[PDB]
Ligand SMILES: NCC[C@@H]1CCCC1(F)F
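Here you get one chain, nothing else, as structure tokens; it is the form solved without this ligand.
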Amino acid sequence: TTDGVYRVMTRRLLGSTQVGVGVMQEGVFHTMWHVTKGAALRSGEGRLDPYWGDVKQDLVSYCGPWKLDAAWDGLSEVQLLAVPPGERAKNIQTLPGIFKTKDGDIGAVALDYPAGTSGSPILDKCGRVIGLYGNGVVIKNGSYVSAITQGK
């Protein structure tokens, strides 16, 4: 439970499969709901039980309430700390676009990674996590745009 970015794995029959990614911060593990479907996790500290979650936000936290409070400033470039299955963690910089909804704008990143990259953190220049990657839409040419999803 040391601070950092973690892969979320499932053990299956022969070998493990990476289904997602999450962030440990202030003793709480943060990931996207569709990665774990809100089920318990094993860790070196023992079993992590779900504490908070919200299917509409597609988020879940373990061991405590959602701790990530930083937000995109609406202006600056951001970095996806992509942790793709079978690949080393890698930073990719981008200027977000915008998801325009009836209730307001959400920053969004036009970066396309494997499904198991879900939950990878998006950072501001201070290194604060401003959201998690992986809840998005497929646009007309088949490429992908992810919301910058932050716990409300």
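Rigid core: the largest C-alpha set superposing within 1.5 Å between the two forms. Note that residue numbering begins at 1 and tracks the sequence as displayed.
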{"item": "Between 43 to 51 and 118 to 126, larger RMS Cα displacement in 4 other deposited structures of this protein after core fit", "value": "43 to 51"}
{"item": "Mean Cα B-factor comparison, 128 to 136 or 7 to 15, giving the higher one as deposited", "value": "7 to 15"}
{"item": "Of 31 to 39 and 89 to 97, the stretch whose C-alpha atoms average the higher B-factor in the entry", "value": "89 to 97"}
{"item": "For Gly107, the third of its chain into which the C-alpha B factor falls", "value": "middle"}
{"item": "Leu81 by Cα B-factor - lowest, middle or highest third of the modelled chain", "value": "middle"}
{"item": "Chain-relative CA temperature factor third for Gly53", "value": "middle"}
{"item": "Position of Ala70 among the chain's modelled residues by C-alpha B-factor, lowest, middle or highest third", "value": "highest"}
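As for the form solved in complex with this ligand, it is not shown, yet the points below apply to it.
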{"property": "Proximity of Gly64 to this ligand in the bound PDB entry, heavy atoms at 4.5 Å", "result": "no"}
{"property": "Partner proximity in the bound PDB entry: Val60 to this ligand, non-hydrogen atom cutoff 4.5 Å", "result": "yes"}
{"property": "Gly97 within 4.5 Å of this ligand in the bound PDB entry, heavy atoms", "result": "no"}
{"property": "4.5 angstroms heavy atom contact with this ligand in the bound PDB entry for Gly38", "result": "yes"}
{"property": "This ligand in the bound PDB entry: contacting segment from 102 to 110, 23 to 31, 66 to 74, 46 to 54, heavy atom within 4.5 Å", "result": "46 to 54"}
